[PDB]
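> Just dropping in an experimental structure and the matching sequence.
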Amino acid sequence: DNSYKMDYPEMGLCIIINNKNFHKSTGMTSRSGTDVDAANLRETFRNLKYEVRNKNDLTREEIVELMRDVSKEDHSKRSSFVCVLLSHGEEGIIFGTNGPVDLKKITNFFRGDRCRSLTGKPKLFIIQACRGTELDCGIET
Amino acid sequence: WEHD
Amino acid sequence: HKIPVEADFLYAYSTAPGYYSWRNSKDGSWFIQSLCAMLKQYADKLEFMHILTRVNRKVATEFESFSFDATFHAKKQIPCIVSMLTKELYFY
């Protein structure tokens, strides 16, 4: 009872939202390299037996919509759920190609009561984005 | 080189 | 007999709160590239939390920024694991 049941027919989905290009009216430098990360993830998760679904350059609305729909799917036969977000961001905020969106709004779709098929199942959210503008100068060892 |  | 609606969630941030997250032009973000490498090497013998701890050490120790602008030069990064899980996670 110490380990999550991972012997379901399917390991689960693996949504990867890859954002590289942003609207000129936002002030975001194209995230060069995120293509390598997206591809690296895909292969890594495919080995872990996940149904990987990649998505590129999404807007606020599109992001929220993709998540809303995925949360409305039937995960009954799945053992978990992973979501990878690669983009610009601030504290508790993921950036869509056109505008920002709270990470909370996204995660709330997968809560125990808004998605019964995932209740009691691990919901992993890997986030590659900024959380502010502080620089860690580090210290020698 | 760059940041997010 | 019920559970919190916020339980069983696990967030793997690439950096600490209030901090920047670094990315390489050709290799890809430090976080993702370390995360994938650790998964490829330990996802068959280590629990997820233990794997992410490895990811933290790799990112904190083997990476340092480089820039012609002093302001962004020689900077470090530490990933932030935020777990509301209630059991151990194994990918197998």
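Structure received. Numbering: from 1, shown residues only, chains lettered A, B, ... in the order given.

> so, in contact with chain B or not, the top helix by length along chain C?
Secondary structure of chain C per DSSP state H: the longest helix is helix C:48-62. No. Taking Cβ under 8 Å from any Cβ of the partner chain as the criterion, helix C:48-62 and chain B are apart, separated by no less than 13.7 Å. In this view, the C-beta of every residue, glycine as well, is placed from N, C-alpha and C.

> What parts of chain A come near chain B?
Counting by Cβ under 8 Å from any Cβ, chain A sits next to chain B at A:29, A:31, A:32, A:33, A:87, A:88, A:89, A:128, A:129, A:130.

> Save those residues as JSON lines, and put in distance to residue A:41 too.
Output for the residues of chain A next to chain B, formatted as JSON lines (distance: Cβ to Cβ, whole Å):
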{"residue": "A:29", "distance to residue A:41": "22"}
{"residue": "A:31", "distance to residue A:41": "14"}
{"residue": "A:32", "distance to residue A:41": "17"}
{"residue": "A:33", "distance to residue A:41": "13"}
{"residue": "A:87", "distance to residue A:41": "14"}
{"residue": "A:88", "distance to residue A:41": "18"}
{"residue": "A:89", "distance to residue A:41": "17"}
{"residue": "A:128", "distance to residue A:41": "9"}
{"residue": "A:129", "distance to residue A:41": "14"}
{"residue": "A:130", "distance to residue A:41": "19"}
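
> can you tell me which of those are up against chain C?
With Cβ under 8 Å from any Cβ as the criterion, the residues of chain A next to chain B include A:31, A:32, A:33, A:128, A:129, A:130 near chain C.
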